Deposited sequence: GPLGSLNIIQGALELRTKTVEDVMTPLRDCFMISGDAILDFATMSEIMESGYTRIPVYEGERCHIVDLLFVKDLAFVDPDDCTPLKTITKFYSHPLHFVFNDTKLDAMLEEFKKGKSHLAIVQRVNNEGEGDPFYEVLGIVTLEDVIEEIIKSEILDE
């Protein structure tokens, strides 16, 4: 009981020192879908079976994330139509947020609390190109607070 609330307090202190790179999901392990996808029955089945609700969309390379698909966006998609996925990502255009790996978790929580979004992409400056490393969710940050 109180020992658990103590760990919460310790996590609220760790937030000012931990970066989003520490708690993110690496790109090699992120469940994503290609923009070339056709929303037939088989494709939508993997989206739902994955358990995720916010799935990054990439074009060509897995590091080129261009859109964000929500599971609620498939509410009016009939698999018999073979609707291309790019059509639905254009229609809803859910905001896609990018952040640097050096971002601290307290600033990350402040950015997540202000907006409805719960997902952000971790990218690092390569040395003159942008290098995407992974994604970090709001649920990823809150784990650090309550973890013992």
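Stretches of the deposited sequence left without coordinates are 128-132, 154-158, in sequence order.
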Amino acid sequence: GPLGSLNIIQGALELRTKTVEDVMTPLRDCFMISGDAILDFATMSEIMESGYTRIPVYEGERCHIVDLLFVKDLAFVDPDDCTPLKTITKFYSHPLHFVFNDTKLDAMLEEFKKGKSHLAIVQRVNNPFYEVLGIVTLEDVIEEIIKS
From here on, numbers count along this sequence of modelled residues.
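Look at the C-alpha B-factors of 43-51 and of 56-64. On average they run higher in 56-64.
Checked against the record, the higher mean CA B factor of 76-84 and 99-107 lies with 99-107. When the CA B factors of the chain's modelled residues are split into thirds, the value for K116 lands in the highest one. Per the PDB record, residue ranking by Cα B-factor puts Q123 in the highest third of the chain.
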